[PDB]
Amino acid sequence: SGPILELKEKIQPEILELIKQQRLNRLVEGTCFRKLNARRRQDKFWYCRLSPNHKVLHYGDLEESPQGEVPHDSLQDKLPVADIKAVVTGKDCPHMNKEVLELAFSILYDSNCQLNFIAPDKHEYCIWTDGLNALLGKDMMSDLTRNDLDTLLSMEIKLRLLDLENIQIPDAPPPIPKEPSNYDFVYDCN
């Protein structure tokens, strides 16, 4: 509604802030990816994680076994954020089924360097694309940001309207009367 929309616009910014924080915290935790077309004794899985300070991305191969997934890095171990020039997805990806198009994204940096990923699922795809964009000072566009926004913002609104239960909300702004003719109040402040 009119006033409710106004309230959403006022709160939306802080909610987007929480979401950015959540996405970055997730990058820091890191995720496990599965390389596309890995063969001849090459590890099929690898991982990437953002440094706790948010300046560099650490990555490397993994050992997917019934026990765990021990990560063993190679010479090429990092990709500093400050050197990131862009993030592309889908057909824009150099390494580009179709089910994979939707989960593909690449970090282009430095000269002609590129770190290509294939998200394990849609959820992780959104987490990483939103996270990288945040880092790059860009807006988070995934469907997960839209749903997280709707989830957290709707709750805040509902909490805000609790005492409006069974009470009519006018469609248009009630009339603002003329200011008082005096300010000689009966009681004190605070």
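Start at 1 with the first residue shown and count on from there.
Per the record, residue 118 and residue 119 are directly connected, with no deposited-sequence residue omitted between them. The stretch with the higher mean CA B factor, choosing between 136-144 and 150-158, is 136-144. Look at the C-alpha B-factors of 50-58 and of 160-168. On average they run higher in 50-58. Sorting the modelled residues of the chain by their CA temperature factor places residue 129 in the lowest third. Annotation for residue 123: CA B-factor lies in the lowest third of the chain's modelled residues.
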